[PDB]
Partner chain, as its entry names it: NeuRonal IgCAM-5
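For reference, the chain that follows is the form deposited without the partner chain, supplied as structure tokens.
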């Protein structure tokens, strides 16, 4: 597209993004955004909704008051942002930012489809 392209252009990293960069889901179903954490760097990650600049989570803790969001540790190097019930209003760009020395940013586009 170009919505998705402009979102991926916000990626700032030395290493190629090893997690999915495009997530399509059907509305009212769970979505899962994965972020790969450099294991020789400050392991702190925050999720950011680009549309309104909302800081959703900033590590193991949630900042948004929409209870459909949760952050979890899937593996030693992979964090998951769980969107419990995706709506058409949830489609758009999301940023995983790592407080490593180089300020690594990864970009994930969520597209929710409503039948």
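Numbering follows the first chain given and starts at 1. Rigid core: the largest C-alpha set superposing within 1.5 Å between the two forms. Shifts are known only where both forms have a C-alpha.
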Original post:
Comparing 39 to 47 with 61 to 69, where is the mean C-alpha B-factor higher?
Top reply: 39 to 47
**OP:** Would you mind checking where the Cα B-factor of residue 52 ranks among the modelled residues of its chain, as the lowest, middle or highest third?
**Re:** lowest
Original post:
Sorting the chain's CA B-factors, does residue 112 end up in the lowest, middle or highest third?
Top reply: middle
Original post:
Where does residue 99 sit by CA temperature factor within its chain: lowest, middle or highest third?
Top reply: highest
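Although it is not shown, the form solved in complex with the partner chain is what the next lines describe.
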Original post:
Would residue 99 show up as a contact with the partner chain in the deposited bound form if we use heavy atoms at 4.5 Å?
Top reply: yes
**OP:** Answer yes if any heavy atom of residue 24 is within 4.5 Å of a heavy atom of the partner chain in the deposited bound form; otherwise answer no.
**Re:** no
Original post:
Counting only non-hydrogen atoms and a 4.5 angstroms cut-off, does residue 78 reach the partner chain in the deposited bound form?
Top reply: no
Original post:
residue 20 near the partner chain in the deposited bound form, any heavy atom under 4.5 Å?
Top reply: no
Original post:
Judged by heavy atoms and a 4.5 Å cut-off, are 29, 83 and 114 together in contact with the partner chain in the deposited bound form?
Top reply: no
Original post:
Pick from 33, 71, 37, 46: which has a non-hydrogen atom within 4.5 Å of the partner chain in the deposited bound form?
Top reply: 46
Subject >> Of 78, 41, 50, 26, the one whose Cα moves 2 Å or more between this form and the one not shown after core superposition >> reply: 41
Original post:
Given that the CA-CA distance for residue 102 and residue 40 shifts by 3 Å or more in the deposited bound form, does it become closer or farther?
Top reply: farther
**OP:** Explain in one word, closer or farther, how the Cα atoms of residue 12 and residue 40 are placed in the deposited bound form relative to this form, where the distance changes by 3 Å or more.
**Re:** farther
**OP:** Give the consecutive runs of 3+ residues, present in both forms, in which every C-alpha shifts by 2 Å or more between this form and the one not shown after rigid core superposition.
**Re:** 38 to 42
